[PDB]
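Trainee: First the structure, which I've put down as C-alpha cells, then a few questions once you've had a look.
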Amino acid sequence: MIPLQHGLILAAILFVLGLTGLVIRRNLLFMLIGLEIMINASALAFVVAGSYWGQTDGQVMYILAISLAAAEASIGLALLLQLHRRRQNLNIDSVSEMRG
Amino acid sequence: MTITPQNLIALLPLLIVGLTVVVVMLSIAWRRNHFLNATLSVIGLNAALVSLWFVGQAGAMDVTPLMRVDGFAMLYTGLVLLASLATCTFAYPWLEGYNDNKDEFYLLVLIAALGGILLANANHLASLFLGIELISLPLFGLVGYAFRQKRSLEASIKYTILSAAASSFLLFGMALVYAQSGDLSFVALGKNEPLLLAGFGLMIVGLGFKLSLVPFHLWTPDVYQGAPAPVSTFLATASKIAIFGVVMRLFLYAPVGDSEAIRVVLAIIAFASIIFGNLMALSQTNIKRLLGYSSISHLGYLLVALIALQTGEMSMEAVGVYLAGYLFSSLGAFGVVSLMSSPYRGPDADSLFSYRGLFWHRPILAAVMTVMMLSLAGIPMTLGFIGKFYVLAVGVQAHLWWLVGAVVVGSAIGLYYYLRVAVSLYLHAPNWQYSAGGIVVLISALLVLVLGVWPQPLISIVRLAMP
Amino acid sequence: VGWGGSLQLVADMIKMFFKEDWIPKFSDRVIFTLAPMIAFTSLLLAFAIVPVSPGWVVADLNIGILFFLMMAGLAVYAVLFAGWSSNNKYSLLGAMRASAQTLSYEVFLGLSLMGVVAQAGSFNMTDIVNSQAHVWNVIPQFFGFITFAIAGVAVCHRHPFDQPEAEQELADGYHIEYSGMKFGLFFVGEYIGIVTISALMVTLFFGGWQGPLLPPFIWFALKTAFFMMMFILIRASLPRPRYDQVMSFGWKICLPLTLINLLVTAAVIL
Amino acid sequence: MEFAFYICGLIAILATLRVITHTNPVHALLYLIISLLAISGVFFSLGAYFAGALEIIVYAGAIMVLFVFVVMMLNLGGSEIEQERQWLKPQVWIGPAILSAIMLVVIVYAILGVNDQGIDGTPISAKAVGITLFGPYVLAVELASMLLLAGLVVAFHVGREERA
Amino acid sequence: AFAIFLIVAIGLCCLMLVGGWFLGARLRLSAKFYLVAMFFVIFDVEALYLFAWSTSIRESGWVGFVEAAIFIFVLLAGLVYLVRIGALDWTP
Amino acid sequence: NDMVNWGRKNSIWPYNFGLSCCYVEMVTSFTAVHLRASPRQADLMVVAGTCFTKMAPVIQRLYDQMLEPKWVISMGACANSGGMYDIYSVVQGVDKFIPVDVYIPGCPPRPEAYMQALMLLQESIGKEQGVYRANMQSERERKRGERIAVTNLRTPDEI
Ligand code: SF4
C-alpha cells in the first residue's frame, strides 16, 4: 500500500541525480549516461502516473519513450565513435571552439 | 473512432509526405542519385502543398484523440512546407561540391517535414511528443551532415546532448501534470494546485529550449555557426514555426493557462528574451551568429503576443502574421548566406568583415539581403513592421506596459546591428539550380516588399484560417 | 564399461570440482567471476516457466514469455564480460565477434514467437497448454517453427562453432582464459540451455499434457526425448558454418520470412 | 507488497548512487543494469505487467548492449585515470549538488501538497493495450515507426565507415 | 512459487561460490563496425510494437493487419535501403 | 571416501603437443580412442617428438599455464631422452626441465602403447604422495616371468 507521492519523489530524485551527472563530469560518455538515467527517471514518473488512475495509460507512451531512448543513445554513441575516430582526446574541452 | 474517408482527407498532409519518404528511400537504394532524389523529394513537398487545398475542402474536425485539425493548422502546415521547399532548393547548390553520400539529405528533411506537420495538428500531449522528436532526429543528424569539418561535429554534439536533455524535461513534466488530471488531452487538462503548476513549469523548460528562450538560448549561436547554411534555413524557420503552434494551442485550450501564475512566469521569460537577445547581439562580426542572436528576440516578440492571447481575439491573427513575416525574412537572409557558398568549399568563410563590398560583386543578391535585413528590424515597407505593429497592439490591448516597452527599447537596441550589415554590403570591395536558388530568394524579396506596402491580402488569408 | 551416457558428464563434473583457482594479474576480478553465472542462471531460470504439471507447476505467474525474452537478451552480457575479462585483444575481439553474431541471430526468436502467442492470445502458460487440445500450433506455422529452431540453436549452442575458435585471424575463442570450475559452469549452462529450449519448444509449439492412452506427463517426457534425439542428430549433422555465410543468411532471409509469417497468421486468425 | 516496494526502491536508489560514484566504466554499466532490473521490479510490483518485462527485453537488453559495445571497443580502461579523479573532487561535487537539491526539495514540497488516494497493485494485461494501441493511437504507432527509421538512417550516416 | 525457486537458486549460487572458496591503446582499423548491433538495438524497439500487438489481434481486425503490413513494409524498405547502400555487408 | 580419485581416473583431458614426426601414430591412436582438447583446460600433456632447444620455452609456457595437478606422458625415445639425436640442437630428455611421471619408449611408439599409458596412468592416479609405496613395481619386474618363458618365435622368412 504505497501512494503516488513516494514513487514520484523517487522519480524526482533519479531525475535530479541524472541532471547532476549530466552537469558535473567532463566525458561525453558520462553525460550520455546521465541523459539515459534521467530519461529513465521521467519514464518512471510517467509509469507511476499512468498506474495511479488505474487504466492503461502507463504502457502506451513508455514504449515510445524507450524507443526515443534507444534512438538517441544510438546516434549519440555513433557521434562518440566518429569523435574518437577524429581526435584521440575525449574531453569536451577539445571540442570547445566558438566560445562567446 | 475508426478510419473514415473524412479522416483520410484530413490526414492528407501527413500522408503524402510519408509516401514521399518511402519512395525517396526506395529510390536511394535503387540508384543513389542526387538529381532523382532532389526531384522526388521536392515533388512530394509540392504535392503536400497541393493537397492543402483538399483538406480545406474538409472542415474543422478530429482524426484521433491525438490530433485536432482546424483551419489554424492549415496555415501552419503551409509555413513548414515552404520552409522544407526552401531548404532543399538551398541544399542542392551546397551539396554539389560534397564529396560523397550526397543523397541522405533529402530523406532527413522529409522526416523533419513529417515532424513539423504533426505539431501543427495537436490535441493530445502525446502528439506533442511525437512531433518534437520527429523533427529533432533530422536536426540531430543534419547539423552533423558533413562532419568532415571540425565544427559541424562540434555543433551536432552540442545540440544532440542539449536537445535530448530538453526532451527529458518535457516528458517528466508531461507526466507530473497527468498525475492530477485524469487525461493528458489539452482540452481535458485542467479539469491551481502546485503539482499541476509544477508539472507545467517543467514543460516550459522542455519547450523553451527549442523556442530559444532566455535561460536556454545558449545553443542558438553555436550550432548556427557550425551547421551548413542549408540546414540553418530549416533550423531557423521551420522548427520554431512548427513548435510555436503547439505551445500556443496548449495555452488556448487548457484552462490552467488562464491562471495568472503561469502568465507572470512566461511574461518575465519574454521580457528577458528580448533584452538578453538584443544586447548581446551587437558585438557579433559573424553573419550566422548574428541571425542566431536575432532569432532569440523574434521568439520573444511572439511570446509577448501569446501572453495576451487570453485578452482579446486579435492575438490569434497577430501571432500568425508575425510568423509569416518572420518566415520570409529569415529565408531570404539565410538563402543569400547559403548562395554565397555555391560550392561546398569545405568550411564556408562568412563573416560581417567578410561581407564588405558584395554589391559590386553580386548586386542583386546584396539587395535581397538588405531588404530582408531591414525587414527583420521594423523598418516600414516591409512585412516585419506589420507583424511588429500587431504585437504592439496586442500588448496595448492587454495593458502589458513593461512588455510593450521592452519591444520598443529592444527594437531601439536591435536596430544597430541590422543597419551595419545593411551598409556593410556597400563598402569598397576587399549552375541551373543555382539560378533556381536565386529565384527563390528573389521571389521572397518581391513578396516581403509588396506585403509591407500592401498588407491586406495576407490578413485575409489569416482570418480565413483562424477559427 | 560405463553403460550410461550421463556418467561421462558425471565424471567430468567431478573432475571440474576440486581444482585450484588462480588469480589473474592485471585483471578485473568481479567480472572474471560474474561472467559464468550470467550464462548459467539465465537458462536455469528459463526453466521456471514450463507447465510440467498443473499440480506441480514451478511458477503460476501470469507472464512467462517476457521472462524468456528477458533471459535471451541478458545472455549476451555473459559473452561480453567474458570478452572484457579475457584482457587479451585477440580474445577480446573474438568475444566481440561472437557477441556480434549472437545479437545478430537472436533477433528472430521474438518475432517467430509472436505467431504462437497471437493464436494463443495470452501470456499465462496455462492458456497455451490448454490451447493445444485438439490441433497443435505447428501445422500452419512451419516457417515460424523453423525460424525459432534456427534462433534457439544459434544462442551459444555451438552450432555456429565460433566459440572456442575463430575463423578470422588476429582473434581467439573466448573459452580459453577460464580453466577452473567456471569451464564446467559453462558446460552445465549450455546443457540446461539446450534442455530448456527443447522443453519450451515442446510445451509452446506442440501439445503438452495430451495423454491419448497413457498418462500425459510421461507422454511429454517421451516427446521431449524424441526432440532431444532429433536436436542432437541435426546438431551433429550441421557442419560448422563460417562467419561470412552466417552473416549472409541472417538478417536478409528470415526477417521477411517472419514478417510474412505475421501477415499470414493475422490474415487467417480472423 | 509494502516491503517489496521499499526494498526494490532502495535497491534502485543504491544502484543509482553506485553508478554515479565509481570511476571504472564496467562497474557503472553493471550497476546501471542492476538499477534497470530494480525499475522492472517496481513495474511488476505496481501491476504494469507489460512494462517491467518490456523494459528488460529492450531497454536493458538492446540499448545497454550498444553501450557495452562502445565502452568495450574504446578500451578506455588502463588509460586516462588520474586526471579525471583529480578534477572530480568532492569540492566540485558539492557545487551543483545543492543546486539540484533545490530542485529536489521544490518538487518534494510540490508533491506532498496533494491527497494520497492510494491505489492497489491493479494488474493490467496486454489484452487492453492491444486495444488502446489500436484505438486512437494507431497513427502514433505509424509515426513512431517513421521515428525509428529516422534513427536508423542518422545512425548509419553519422557512424560512416571509411578506409581507416 | 517463483519466490521459493528464486531463493533456492540464490542459495545454490551462494553454496557453490562459498564451497569453491573453501575448496581451493589505439585499434586503428581493428574492431569497430558494431553498427549491426546498433541496427539490432533500434530494430528490437521496432519489433516491440509487434510484441505488444501479438497479445490482442482478434479484436484488431482488418485495419490492424493493414497498418501492420504498412509498418513491416517500412521496415523492409529500410532494410533493403541499408543493404543496397552497402551498410549491411561483410563486417569484421 | 576416495571419490575424487575415481573422478580423476574416470575422466582425463589430453593436450596433444606432438611435433613434426612421431605424431602420425599418435593421431592414429587419437582417432580411434576419441577438437575437445584446448589450451589452459587440460591436465594431461602428451609430449611427443624431438624436444628441440629452440622451442623448449614453448613447452615451458604451456607447462606453466595448466593448473596445479599436472600430469605428463613422454612418448618416443626422442622425448624420453635425447634419443638418437645426441646433438647440440636437441635437449637430452624432457625430464630435464619439467617433471615427468610416465615414460613410453619407442621410435615412434604404437597406439596400443598410448592405450597402456592411459591404463598405467589411471592406475597411478588410483593410489594416493603420488608414489604411495606402490609404483616401485615395474613392467620390467611385473611381466618378467612372462617374457623369460618365451622360447619359440615364428621364423622371419614367412608372412
Ligand atoms: S621418437 Fe622416433 S618418430 Fe618420434 S620424433 Fe623421435 S625419431 Fe621421430
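Every chain in the C-alpha cells has a letter given in the order shown (A, B, ...), and although residue numbers restart at 1 in each chain, ligands are simply numbered from 1 in the order shown.
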Write out as a PyMOL selection string the residues lying within 9 Å of residue C:239, counting only C-alpha atoms and excluding same-chain residues fewer than 2 positions away.

Mentor: chain C and resi 159-161+235-237+241

Trainee: Any chance you can output those residues with C-alpha atoms as a compact mmCIF listing (two decimals), in the first residue's frame?

Mentor:
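Okay, part-v1.txt is ready:
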# COMPACT_ATOMS: atom_id res chain seq x y z
CA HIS C 159 26.07 -24.70 -33.85
CA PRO C 160 27.85 -21.51 -35.05
CA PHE C 161 31.13 -23.21 -33.99
CA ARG C 235 23.42 -30.58 -34.42
CA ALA C 236 25.87 -33.35 -35.32
CA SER C 237 24.75 -33.30 -38.97
CA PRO C 241 29.28 -22.55 -40.94

Trainee: Please list as a ChimeraX atom specification every residue within 7 Å of residue F:49, counting only C-alpha atoms and excluding residues in the same chain fewer than 4 positions away.

Mentor: /F:18-22,76,78-79

Trainee: May I have the selected residues written with C-alpha atoms, as a short mmCIF file (atom, residue, chain, number, x, y, z; two decimals), in the first residue's frame?

Mentor:
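Output file again32.cif is given in full below:
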data_model
loop_
_atom_site.label_atom_id
_atom_site.label_comp_id
_atom_site.auth_asym_id
_atom_site.auth_seq_id
_atom_site.Cartn_x
_atom_site.Cartn_y
_atom_site.Cartn_z
CA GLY F 18 53.12 -33.94 -30.89
CA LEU F 19 55.78 -32.49 -33.18
CA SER F 20 56.87 -32.92 -36.83
CA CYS F 21 57.37 -36.69 -36.73
CA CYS F 22 56.03 -39.33 -34.35
CA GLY F 76 59.11 -41.81 -28.02
CA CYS F 78 63.35 -38.68 -28.77
CA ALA F 79 61.30 -37.20 -25.90
#

Trainee: Pick out the residues no farther than 12 Å from ligand 1, counting only C-alpha atoms and all ligand atoms, and list them as a ChimeraX atom specification.

Mentor: /F:17-26,47-52,74-86,90,92-93,103-110

Trainee: What are the nearest atom pairs, with distances in Å to one decimal, for all residues of chain C that come at most 6 Å from chain E, using only C-alpha atoms, set out by chain and rising residue number as JSON lines?

Mentor:
{"residue": "C:18", "atom": "CA", "partner": "E:23", "partner_atom": "CA", "distance": 6.0}
{"residue": "C:20", "atom": "CA", "partner": "E:24", "partner_atom": "CA", "distance": 5.0}
{"residue": "C:59", "atom": "CA", "partner": "E:1", "partner_atom": "CA", "distance": 4.9}
{"residue": "C:114", "atom": "CA", "partner": "E:54", "partner_atom": "CA", "distance": 5.5}
{"residue": "C:118", "atom": "CA", "partner": "E:54", "partner_atom": "CA", "distance": 4.7}
{"residue": "C:121", "atom": "CA", "partner": "E:55", "partner_atom": "CA", "distance": 5.1}

Trainee: I'd like the neighbourhood of residue B:126 as number ranges by chain, where a residue qualifies if any of its atoms comes within 8 Å (using only C-alpha atoms), though same-chain residues fewer than 3 positions away should be ignored.

Mentor: A: 61; B: 66, 129-130, 184

Trainee: Can you pull out the residues contacting residue B:463? Cut-off 12 Å, using only C-alpha atoms, and skip same-chain residues under 6 positions away; I want them as a PDB file with N, CA and C atoms, in the first residue's frame.

Mentor:
ATOM      1  N   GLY B  71      -8.607  25.080 -39.133  1.00  0.00           N
ATOM      2  CA  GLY B  71      -8.011  25.924 -40.148  1.00  0.00           C
ATOM      3  C   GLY B  71      -6.758  26.625 -39.674  1.00  0.00           C
ATOM      4  N   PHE B  72      -6.565  26.712 -38.363  1.00  0.00           N
ATOM      5  CA  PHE B  72      -5.308  27.204 -37.820  1.00  0.00           C
ATOM      6  C   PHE B  72      -4.147  26.314 -38.249  1.00  0.00           C
ATOM      7  N   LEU B  75      -2.755  26.718 -41.993  1.00  0.00           N
ATOM      8  CA  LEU B  75      -1.719  27.720 -42.229  1.00  0.00           C
ATOM      9  C   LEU B  75      -0.356  27.281 -41.700  1.00  0.00           C
ATOM     10  N   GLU B 313      -9.333  38.833 -29.030  1.00  0.00           N
ATOM     11  CA  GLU B 313      -9.190  37.803 -30.046  1.00  0.00           C
ATOM     12  C   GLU B 313      -8.259  38.214 -31.177  1.00  0.00           C
ATOM     13  N   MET B 314      -7.589  39.357 -31.057  1.00  0.00           N
ATOM     14  CA  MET B 314      -6.692  39.812 -32.107  1.00  0.00           C
ATOM     15  C   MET B 314      -5.325  39.157 -32.020  1.00  0.00           C
ATOM     16  N   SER B 315      -5.018  38.508 -30.897  1.00  0.00           N
ATOM     17  CA  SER B 315      -3.730  37.848 -30.729  1.00  0.00           C
ATOM     18  C   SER B 315      -3.560  36.644 -31.645  1.00  0.00           C
ATOM     19  N   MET B 316      -4.651  35.977 -32.021  1.00  0.00           N
ATOM     20  CA  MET B 316      -4.547  34.860 -32.954  1.00  0.00           C
ATOM     21  C   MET B 316      -3.945  35.294 -34.280  1.00  0.00           C
ATOM     22  N   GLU B 317      -4.519  36.318 -34.902  1.00  0.00           N
ATOM     23  CA  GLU B 317      -4.000  36.772 -36.187  1.00  0.00           C
ATOM     24  C   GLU B 317      -2.665  37.482 -36.030  1.00  0.00           C
ATOM     25  N   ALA B 318      -2.403  38.079 -34.865  1.00  0.00           N
ATOM     26  CA  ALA B 318      -1.120  38.739 -34.652  1.00  0.00           C
ATOM     27  C   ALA B 318       0.032  37.746 -34.667  1.00  0.00           C
ATOM     28  N   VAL B 319      -0.114  36.634 -33.953  1.00  0.00           N
ATOM     29  CA  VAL B 319       0.913  35.596 -33.966  1.00  0.00           C
ATOM     30  C   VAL B 319       1.064  35.014 -35.363  1.00  0.00           C
ATOM     31  N   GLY B 320      -0.053  34.782 -36.047  1.00  0.00           N
ATOM     32  CA  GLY B 320       0.007  34.229 -37.389  1.00  0.00           C
ATOM     33  C   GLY B 320       0.747  35.093 -38.392  1.00  0.00           C
ATOM     34  N   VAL B 321       0.503  36.404 -38.385  1.00  0.00           N
ATOM     35  CA  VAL B 321       1.144  37.240 -39.396  1.00  0.00           C
ATOM     36  C   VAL B 321       2.603  37.496 -39.083  1.00  0.00           C
ATOM     37  N   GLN B 456      -3.011  43.915 -46.817  1.00  0.00           N
ATOM     38  CA  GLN B 456      -4.359  43.388 -46.633  1.00  0.00           C
ATOM     39  C   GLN B 456      -4.548  41.951 -47.101  1.00  0.00           C
ATOM     40  N   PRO B 457      -4.028  41.547 -48.262  1.00  0.00           N
ATOM     41  CA  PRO B 457      -4.295  40.173 -48.713  1.00  0.00           C
ATOM     42  C   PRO B 457      -3.775  39.100 -47.776  1.00  0.00           C
TER      43      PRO B 457
END

Trainee: Let's see if you can do this: from backbone DSSP, list all alpha helix (DSSP H) residues in chain F, as a PyMOL selection string.

Mentor: chain F and resi 3-10+23-33+56-65+77-80+111-125+139-142+144-148

Trainee: Tell me, in Å to one decimal, how far atom CA of residue F:65 is from atom CA of residue F:43.

Mentor: 10.1 Å
